[PDB]
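Have a look at the structure below before the remarks.
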Amino acid sequence: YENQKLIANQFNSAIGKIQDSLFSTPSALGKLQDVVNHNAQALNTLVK
Amino acid sequence: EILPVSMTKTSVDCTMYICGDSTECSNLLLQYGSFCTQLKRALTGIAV
């Protein structure tokens, strides 16, 4: 109750920074792409 | 309270193991597709 304004501003800045970090860095979602690539490699080997 | 954490990293050369520096053996193995590639990929994944 003493620092409501400051805490709200900090939370807003943090969420904005998270948005920007996700937008900029392209390797954040490495694990999902790794799973997709593993499945694709398995299928490619099977057909080849 | 003891807990295992890691395993010894190993890699195996498919061609040298299957064929002992024999040209005919390598030629015959050439018709079996990319099995050695899959084995090497699996071993590297285990190591990392």
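FYI, nothing fancy with the structure tokens labels: chains A, B, ... in order, residues from 1 per chain, ligands from 1 as they appear.
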- Residues flagged alpha helix (DSSP H) by DSSP in range 1-45 of chain A, as an MDAnalysis selection string: chainID A and resid 4:24 30:45
Wanna dump the chain A-range 19-39 of chain B contacts at 10 Å for me, each residue with its shortest atom pair and the distance in Å to one decimal, counting only C-alpha atoms, ordered by chain and number, as JSON lines?
```
{"residue": "A:41", "atom": "CA", "partner": "B:38", "partner_atom": "CA", "distance": 9.9}
{"residue": "A:42", "atom": "CA", "partner": "B:38", "partner_atom": "CA", "distance": 9.2}
{"residue": "A:45", "atom": "CA", "partner": "B:34", "partner_atom": "CA", "distance": 7.7}
{"residue": "A:46", "atom": "CA", "partner": "B:34", "partner_atom": "CA", "distance": 9.9}
{"residue": "A:48", "atom": "CA", "partner": "B:33", "partner_atom": "CA", "distance": 8.4}
```
- For CA of residue 6 in chain B and CA of residue 44 in chain B, determine how far apart the two atoms are, in Å to one decimal place.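 CA of residue 44 in chain B lies at a distance of 14.7 Å from CA of residue 6 in chain B.
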- Note on the structure: Pairwise distance, CA of residue 15 in chain A with CA of residue 36 in chain A, equals 28.2 Å
- Computed interatomic separation between CA of residue 47 in chain A and CA of residue 10 in chain B (Å):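 About the pair CA of residue 47 in chain A and CA of residue 10 in chain B: they are 28.6 Å apart.
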